[PDB]
Amino acid sequence: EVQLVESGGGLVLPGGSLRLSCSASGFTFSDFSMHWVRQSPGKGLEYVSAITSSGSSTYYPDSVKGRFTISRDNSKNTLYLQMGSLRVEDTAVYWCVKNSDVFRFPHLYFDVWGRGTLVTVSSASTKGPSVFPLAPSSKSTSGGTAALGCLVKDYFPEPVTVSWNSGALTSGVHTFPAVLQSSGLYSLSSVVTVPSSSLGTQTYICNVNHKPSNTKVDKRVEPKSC
Amino acid sequence: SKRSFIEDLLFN
Amino acid sequence: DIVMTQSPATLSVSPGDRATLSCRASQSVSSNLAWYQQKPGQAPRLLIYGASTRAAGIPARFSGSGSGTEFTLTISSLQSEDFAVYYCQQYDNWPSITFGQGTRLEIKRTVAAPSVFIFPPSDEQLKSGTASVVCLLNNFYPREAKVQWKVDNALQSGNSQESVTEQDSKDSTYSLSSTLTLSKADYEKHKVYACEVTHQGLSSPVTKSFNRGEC
């Protein structure tokens, strides 16, 4: 199928520089124009750069002109966004986005989107999380089901990704919005409800990844004897 | 390519 | 620039019913308009292009209409999976484009009481000098729920944080997580840790508790 796989991003200092990448598969990349679209509070969704199928022309809104540069390498099927002179206002999720074929003119719309990269412009330092088990016990069971989870505490900046059993476990998971602690660090919990009956035969591992600090933690969550 | 030419018209 | 204005900002519709979402362009964009559906933390997904042409693989209950400045997205036979924020986008000046500010579609359902669970702090964390106690409220509706932390039956204030999930795409419920965090030294000064939960779906509050010495 068609895919846009985004890499790059994370934390960057005010006035700093950062390059995002997006590799394309499943279609003829050199046939389609691409946009970078960003999303942040207040401003919502807004494009920040556009480039033709061949890279022959680029288009920028006034807000980013002279600071952001879009480019593509159709040999490696990769789209780039070079971000310079970064501003506090530039914190946003940055989406790689594919346009429909220009032969559809005037209907040039966004039919394929990457998964987004969160860029955080801040002078603060990165901090990876501590991951603690939320162990199942008699205090987290009801009606034949048992709740368990992981507490992902004290990281900066967002985001952390949490999966369960390397993605084999998705049903019944709730990974909560992070909270901002008075320290300026984030904390989040991720929980899952499973059968009480199989706690002794099944293995539950939360996989935590904090890409801004390159911290990856797998925590096995064992039942507690209470 | 044919597409590049039309996209240039739109970008300019 | 062309300004896209959506209305309403939010709406709440029962499953099986028909939702009407509006988008107004500040000047005519002919039919050069697209609709996108974005669930939280996911990429927007194209629903309609050309104001009224449904994108491949999109369910028939999504329908776009309009031309010029007034555009409508109609979602019939609404499903819990249709929870999302819906954006319109004009591409009349492509590659220059603008998006509307979004309409958040919330699914109504019947009242559902929370399932309440409590988690004592881990030994890993205690060795670090901190105790976090977590109270979990699973799969309730409506969103409004109150959590009170009681330590040795004393109501707590100022040492907890909570957040609620986005609406669940399968059953339209909410879940809530609340963390009470104390220093290890303060944790060891008390015995009973409890969370008391109030919700429309519960006739009386539900209290989950443990004793620090038992877990």
# chains A, B, ... in the order shown; residues from 1 in each chain; ligands from 1
call {"tool": "closest_atom_pairs", "arguments": {"of": "chain B", "to": "chain C", "cutoff": "10 Å", "atoms": "only C-alpha atoms", "output": "CSV"}}
result
residue,atom,partner,partner_atom,distance
B:7,CA,C:95,CA,8.8
B:10,CA,C:94,CA,7.0
B:11,CA,C:95,CA,6.4
B:12,CA,C:95,CA,9.8
call {"tool": "interface_residues", "arguments": {"of": "chain A", "to": "chain C", "cutoff": "9 Å", "atoms": "only C-alpha atoms", "output": "PyMOL selection string"}}
result
chain A and resi 33+35+42-47+49-51+59-61+95+106-116+130-137+139-142+146-148+151+174-181+188-189+191+224-226
call {"tool": "write_last_selection", "arguments": {"atoms": "C-alpha atoms", "output": "mmCIF file, in the first residue's frame"}}
result
data_model
loop_
_atom_site.group_PDB
_atom_site.id
_atom_site.type_symbol
_atom_site.label_atom_id
_atom_site.label_comp_id
_atom_site.auth_asym_id
_atom_site.auth_seq_id
_atom_site.Cartn_x
_atom_site.Cartn_y
_atom_site.Cartn_z
ATOM 1 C CA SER A 33 3.702 17.374 -5.646
ATOM 2 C CA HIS A 35 3.278 19.702 0.986
ATOM 3 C CA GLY A 42 -4.764 28.388 17.788
ATOM 4 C CA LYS A 43 -3.361 28.324 14.260
ATOM 5 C CA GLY A 44 -4.750 24.813 13.652
ATOM 6 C CA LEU A 45 -3.798 23.155 10.365
ATOM 7 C CA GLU A 46 -1.738 25.244 7.966
ATOM 8 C CA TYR A 47 0.680 24.445 5.172
ATOM 9 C CA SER A 49 5.818 24.620 2.186
ATOM 10 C CA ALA A 50 5.047 23.004 -1.166
ATOM 11 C CA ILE A 51 7.167 21.588 -3.993
ATOM 12 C CA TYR A 59 5.955 27.689 -2.647
ATOM 13 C CA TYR A 60 6.099 29.137 0.868
ATOM 14 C CA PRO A 61 3.719 31.223 2.978
ATOM 15 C CA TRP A 95 2.811 16.377 8.530
ATOM 16 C CA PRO A 106 -8.435 21.862 -10.351
ATOM 17 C CA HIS A 107 -8.838 19.101 -7.760
ATOM 18 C CA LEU A 108 -5.420 19.043 -6.094
ATOM 19 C CA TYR A 109 -6.154 17.611 -2.666
ATOM 20 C CA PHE A 110 -4.321 15.712 0.061
ATOM 21 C CA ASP A 111 -4.996 12.006 -0.276
ATOM 22 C CA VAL A 112 -2.035 10.544 1.716
ATOM 23 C CA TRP A 113 -0.554 11.788 5.015
ATOM 24 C CA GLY A 114 2.425 10.622 7.024
ATOM 25 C CA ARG A 115 2.132 10.000 10.744
ATOM 26 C CA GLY A 116 3.468 13.378 11.805
ATOM 27 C CA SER A 130 11.121 6.517 34.206
ATOM 28 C CA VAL A 131 8.681 3.661 33.551
ATOM 29 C CA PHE A 132 6.939 2.030 36.512
ATOM 30 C CA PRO A 133 4.552 -0.946 36.481
ATOM 31 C CA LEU A 134 0.921 -0.479 37.422
ATOM 32 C CA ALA A 135 0.715 -4.052 38.718
ATOM 33 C CA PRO A 136 -2.583 -5.979 38.693
ATOM 34 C CA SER A 137 -3.845 -7.017 42.129
ATOM 35 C CA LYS A 139 -7.357 -3.798 43.944
ATOM 36 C CA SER A 140 -7.570 -3.683 40.113
ATOM 37 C CA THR A 141 -9.916 -6.595 39.345
ATOM 38 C CA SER A 142 -13.652 -6.677 38.748
ATOM 39 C CA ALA A 146 -8.098 -7.238 35.711
ATOM 40 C CA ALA A 147 -6.517 -3.872 34.934
ATOM 41 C CA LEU A 148 -2.768 -3.302 34.678
ATOM 42 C CA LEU A 151 3.256 4.839 34.568
ATOM 43 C CA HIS A 174 -6.122 3.284 27.079
ATOM 44 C CA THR A 175 -2.984 5.425 26.720
ATOM 45 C CA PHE A 176 -3.874 8.679 28.417
ATOM 46 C CA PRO A 177 -3.073 12.284 27.487
ATOM 47 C CA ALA A 178 0.040 13.346 29.368
ATOM 48 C CA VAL A 179 -0.165 15.800 32.253
ATOM 49 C CA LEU A 180 2.250 18.679 32.765
ATOM 50 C CA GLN A 181 3.808 18.438 36.228
ATOM 51 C CA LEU A 188 1.453 9.661 31.361
ATOM 52 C CA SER A 189 -0.182 6.340 32.078
ATOM 53 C CA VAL A 191 -3.453 0.752 30.989
ATOM 54 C CA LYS A 224 1.142 -8.170 42.933
ATOM 55 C CA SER A 225 0.415 -10.466 45.881
ATOM 56 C CA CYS A 226 -2.385 -8.364 47.356
#
call {"tool": "closest_residue", "arguments": {"among": "A:18, A:12, A:5, A:37", "to": "residue 78 in chain A", "atoms": "only C-alpha atoms"}}
result
A:5
call {"tool": "select_by_dssp", "arguments": {"residues": "range 15-130 of chain A", "states": "helix (DSSP H, G or I)", "output": "number ranges by chain"}}
result
A: 29-31, 88-90, 102-104
call {"tool": "interface_residues", "arguments": {"of": "chain A", "to": "chain B", "cutoff": "10 Å", "atoms": "only C-alpha atoms", "output": "number ranges by chain"}}
result
A: 30-33, 50-60, 101-103, 105
call {"tool": "atom_distance", "arguments": {"atom1": "CA of residue 124 in chain A", "atom2": "CA of residue 185 in chain A"}}
result
10.5 Å
call {"tool": "select_by_dssp", "arguments": {"residues": "range 85-135 of chain C", "states": "strand (DSSP E)", "output": "CSV table (one decimal) with N, CA and C atoms, in the first residue's frame"}}
result
chain,number,residue,atom,x,y,z
C,85,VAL,N,-12.5,15.1,14.7
C,85,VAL,CA,-12.6,16.5,14.3
C,85,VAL,C,-12.6,16.5,12.8
C,86,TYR,N,-13.6,17.3,12.2
C,86,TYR,CA,-13.7,17.3,10.7
C,86,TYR,C,-13.3,18.7,10.2
C,87,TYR,N,-12.4,18.7,9.3
C,87,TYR,CA,-11.9,19.9,8.7
C,87,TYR,C,-12.3,20.0,7.2
C,88,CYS,N,-12.7,21.2,6.8
C,88,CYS,CA,-12.7,21.6,5.4
C,88,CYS,C,-11.4,22.3,5.0
C,89,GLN,N,-11.1,22.2,3.7
C,89,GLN,CA,-9.9,22.8,3.1
C,89,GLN,C,-10.3,23.3,1.7
C,90,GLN,N,-9.9,24.5,1.4
C,90,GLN,CA,-10.0,25.0,0.0
C,90,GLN,C,-8.7,24.9,-0.7
C,91,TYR,N,-8.7,24.5,-1.9
C,91,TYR,CA,-7.5,24.5,-2.7
C,91,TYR,C,-7.7,25.2,-4.0
C,92,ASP,N,-8.5,26.3,-4.0
C,92,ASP,CA,-8.8,27.1,-5.1
C,92,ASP,C,-7.6,27.8,-5.6
C,93,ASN,N,-6.6,28.1,-4.7
C,93,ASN,CA,-5.4,28.8,-5.1
C,93,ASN,C,-4.2,27.8,-5.0
C,96,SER,N,-1.2,27.1,-2.8
C,96,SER,CA,-1.6,27.9,-1.6
C,96,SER,C,-3.0,27.3,-1.2
C,97,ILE,N,-3.1,26.9,0.1
C,97,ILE,CA,-4.4,26.3,0.6
C,97,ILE,C,-4.6,26.8,2.0
C,98,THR,N,-5.8,26.7,2.4
C,98,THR,CA,-6.2,27.0,3.8
C,98,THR,C,-7.2,26.0,4.3
C,99,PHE,N,-7.1,25.7,5.6
C,99,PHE,CA,-8.1,24.9,6.3
C,99,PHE,C,-9.0,25.7,7.2
C,103,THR,N,-14.5,21.0,13.3
C,103,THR,CA,-15.7,20.8,14.0
C,103,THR,C,-15.6,19.4,14.7
C,104,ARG,N,-15.6,19.4,16.1
C,104,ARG,CA,-15.5,18.2,16.8
C,104,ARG,C,-16.8,17.5,17.0
C,105,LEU,N,-16.9,16.2,16.4
C,105,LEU,CA,-18.1,15.5,16.4
C,105,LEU,C,-18.0,14.5,17.6
C,106,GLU,N,-18.9,14.6,18.5
C,106,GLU,CA,-19.0,13.7,19.7
C,106,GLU,C,-20.2,12.9,19.6
C,107,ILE,N,-20.1,11.6,20.0
C,107,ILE,CA,-21.1,10.6,19.9
C,107,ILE,C,-21.9,10.5,21.2
C,115,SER,N,-15.8,1.6,35.8
C,115,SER,CA,-15.1,0.6,36.6
C,115,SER,C,-13.9,1.2,37.3
C,116,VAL,N,-13.7,1.0,38.6
C,116,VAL,CA,-12.8,1.8,39.3
C,116,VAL,C,-11.7,0.8,39.8
C,117,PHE,N,-10.4,1.2,39.6
C,117,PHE,CA,-9.3,0.4,40.0
C,117,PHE,C,-8.2,1.3,40.7
C,118,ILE,N,-7.4,0.7,41.6
C,118,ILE,CA,-6.4,1.5,42.2
C,118,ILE,C,-5.1,0.7,42.2
C,119,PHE,N,-4.0,1.4,42.1
C,119,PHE,CA,-2.7,0.9,41.9
C,119,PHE,C,-1.7,1.5,42.9
C,130,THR,N,10.0,8.3,45.7
C,130,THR,CA,8.7,8.9,45.4
C,130,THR,C,7.6,7.8,45.4
C,131,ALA,N,6.4,8.2,45.7
C,131,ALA,CA,5.3,7.3,45.7
C,131,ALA,C,4.2,7.9,44.8
C,132,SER,N,3.8,7.3,43.7
C,132,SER,CA,2.7,7.6,42.9
C,132,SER,C,1.6,6.6,43.1
C,133,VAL,N,0.4,7.0,43.5
C,133,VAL,CA,-0.8,6.1,43.5
C,133,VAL,C,-1.7,6.5,42.4
C,134,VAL,N,-2.2,5.5,41.6
C,134,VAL,CA,-2.9,5.7,40.4
C,134,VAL,C,-4.3,5.2,40.6
C,135,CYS,N,-5.4,6.0,40.3
C,135,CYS,CA,-6.8,5.6,40.3
C,135,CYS,C,-7.2,5.6,38.9
